[PDB]
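> Sequence, then structure. It's an experimental one.
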Amino acid sequence: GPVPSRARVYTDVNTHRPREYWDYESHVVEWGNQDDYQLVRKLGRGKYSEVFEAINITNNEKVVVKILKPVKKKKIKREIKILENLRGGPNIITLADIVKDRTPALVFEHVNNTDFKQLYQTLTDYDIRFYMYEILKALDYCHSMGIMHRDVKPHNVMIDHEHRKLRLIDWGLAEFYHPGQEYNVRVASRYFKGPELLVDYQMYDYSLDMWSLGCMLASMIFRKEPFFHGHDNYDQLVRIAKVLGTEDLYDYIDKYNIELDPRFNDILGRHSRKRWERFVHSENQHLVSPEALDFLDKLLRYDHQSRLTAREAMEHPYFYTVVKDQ
Ligand SMILES: O=C(O)c1ccc2c(c1)nc(NCc1ccccc1)c1ncncc12
């Protein structure tokens, strides 16, 4: 069978807290009055929810209402408990209320958001460093509170550029870390899936988010959204293998004694690890620096234990200018 793994950091945080902190199944939910909010317009549609701009007729505060489509009550309780636990934390979206009418809905703070299609073509080298630092604050915080996001991607990072403000949203896939627990690998968007997910290693941890952040950084500095552009879950790993090389991939398999799908045996093949200069061009030259490449390299690793933590990431030279300015 596979070899066990544990997080390098924040390993036993949830064990040291009261049961009710993480035992979300036993969370009783108190439904506020749905008549307090009037829906203005639809902001977005997804698989599991719809999102609307709304007004709160009590205090005329602008608000966002996320009407949940049918999901197991367990996962609603989970998203709510995580949001309440993380409420007040740096760059974490604030859950304001919970209502229904008998479909459940989550009420959130309103945030102005620049279209990340229109925005990621206009970011300076500094802006990327800045917002990356802001994301790391959120990731380090939730990791320290014993929580994996498991869906870090451009969509779930809302940026108010005018106010240099950033919020990490959509904690519907987030889970509590527990040492020894085997998790569902069918999580995250395909382009941001860590190798642990793609090879079906279930005993993963916070470090999963750091891989996803690496995919985000890669796309930003190299101007390729997405960076690893797989046609399916199998091909996704091939795209990675064509960059990170296959030597390290198989060492990862051997180390953790992972039972690799026989399908992969055919299509992975033998690929060398590529230098990052390959993805540098005239257009993306101004965003790429020796620091950025060092930082990115230490994020994007097969072995999840060998990736940077969020706090380690924050101490990297990449962010020296940003740290000084605050
Ligand atoms: O699920 C959540 O945790 C959550 C929390 C807050 C918001 C949200 C989702 N979605 C918003 N808008 C839809 C959207 C967001 C980004 C790109 C495209 C569409 C939104 N808008 C303004 N203020 C807040 C939010």
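Yep, it's here. Numbering: from 1, shown residues only.
> Name the nearest residue to the residue of the stretch 1-150 of the chain found nearest the ligand, sequence neighbours excluded.
Among all residues of the stretch 1-150 of the chain, residue 44 sits closest to the ligand, at 3.4 Å; criterion: Cβ to the nearest ligand atom. To be clear about C-beta, it is placed using only N, CA and C from the backbone, and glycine gets the same treatment. Distance criterion Cβ to Cβ, 6 or more residues apart in numbering; nearest residue to residue 44, sequence neighbours excluded, is residue 51 at 4.6 Å.
> just residue 246 next, same as before
residue 271 (4.7 Å).
> since we're on that neighbour, how many residues are nearby?
Neighbour count for residue 271, taken as other Cβ atoms under 10 Å: 16.
> Residue 160 now?
Neighbours of residue 160 (other Cβ under 10 Å): 13.
> Could I get the contacting residues of the spatially closest residue to it that is not a sequence neighbour?
Leaving aside its chain neighbours, residue 160 sits nearest to residue 112 (4.5 Å; criterion: Cβ to Cβ, 6+ apart). Applying Cβ atoms under 8 Å, 6 or more residues apart in numbering to residue 112 gives the contacts 160, 162-163.
> and after the helix or strand where residue 240 lies, which helix or strand comes next?
According to DSSP states H and E, residue 240 maps onto helix 233-244. Counting by DSSP H and E, the element after helix 233-244 in chain order, helix or strand, is helix 246-256.
> Next, the buried residues of the helix or strand following that following helix.
Once the chain leaves helix 246-256, the next helix or strand it forms, by DSSP H and E, is helix 262-267. Using 16 or more other Cβ atoms under 10 Å as the test for burial, helix 262-267 gives residue 264.
> How about residues contacting helix 262-267?
199, 234-235, 237-238.
> can you do 7 Å?
234, 237-238 (Cβ atoms under 7 Å, 6 or more residues apart in numbering).
> Distance from that helix to the middle of the chain?
Helix 262-267 has its C-alpha centroid displaced from the chain centroid by 28 Å (Cα atoms, centre = their mean, to the nearest Å).
> Which strands or helices does the longest helix along the chain pack on?
Criterion DSSP state H: the longest helix present in the chain is helix 125-144. Judged by 3 or more Cβ pairs under 7 Å, 6 or more residues apart in numbering; DSSP states H and E, helix 125-144 is in contact with strand 165-168, helix 207-222, helix 310-314, helix 320-325.
> Would you mind listing what in the stretch 1-150 of the chain touches the ligand?
43-44, 51, 64, 66, 93, 108, 110-111, 113 (Cβ under 6 Å from any ligand atom).
> Buried ones from these, can you make that a ChimeraX selection?
Only the buried entries of these go into this ChimeraX selection, using 16+ other Cβ under 10 Å:
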select :51,64,66,93,108,111,113
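> Strands - which of the residues of the stretch 1-150 of the chain next to the ligand land there?
Members of those lying in strands (criterion: DSSP state E): 43-44, 51, 64, 66, 108.
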